[PDB]
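Here the structure comes first, spelled out in structure tokens, and everything after it is commentary.
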Amino acid sequence: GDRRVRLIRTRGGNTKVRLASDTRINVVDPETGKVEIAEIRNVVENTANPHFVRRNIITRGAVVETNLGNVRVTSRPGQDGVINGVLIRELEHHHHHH
């Protein structure tokens, strides 16, 4: 025996499917300039009765909640099979003494 090798064959991803079997968005960070894919927590910016007919539909100018914070939808959901947006500050979020 003794002679033990690496054995590793394959490593790396492939062509991904569109947003359907998964939920995420390409977030552009304006504070540092990093581009990272964040998870979409809420598809609505906590507004009251969207007068733009935004029935939970992801649209240009709409702000979604993510693990990085509030993200603004810049392009239509479908480009490259993914959504693209910018990280911003829309909603208020401080701690609550329960």
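Don't worry about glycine lacking a Cβ; one is built from the backbone with ideal geometry, like all the others, and counts go over all protein chains shown. FYI, it's all coordinate maths here, none of it is from the lab.
Going by amide H atoms built from the backbone, whose H comes under 5 Å of the H on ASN70, apart from near neighbours?
Amide H to amide H, under 5 Å and 5 or more residues apart or across chains, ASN70 pairs with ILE88, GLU90.
Got a sec? Charge dipole of the chain, +1 on Cβ for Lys and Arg, -1 for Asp and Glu; which of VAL5, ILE83, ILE25 is way out at the positive end?
Most positive-ward Cα: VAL5.
With θ set to phi - 60°, apply the Karplus curve 6.51 cos²θ - 1.76 cosθ + 1.60 along region 23-39 and write out the HN-Hα couplings as whole Hz, x wherever there is a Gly or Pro.
Residue by residue, region 23-39 yields 10, 6, 8, 6, 9, 9, 7, x, 6, 10, x, 9, 10, 9, 7, 9, 7 Hz.
How large is ³J(HN,Hα), in whole Hz, for each residue of region 75-91 in order, when computed from phi with the Karplus curve 6.51 cos²θ - 1.76 cosθ + 1.60 and θ = phi - 60°, using x for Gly and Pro?
Listing the rounded values in order: 10, 5, x, x, 4, 6, x, 9, 9, 10, x, 10, 6, 9, 10, 10, 7 Hz.
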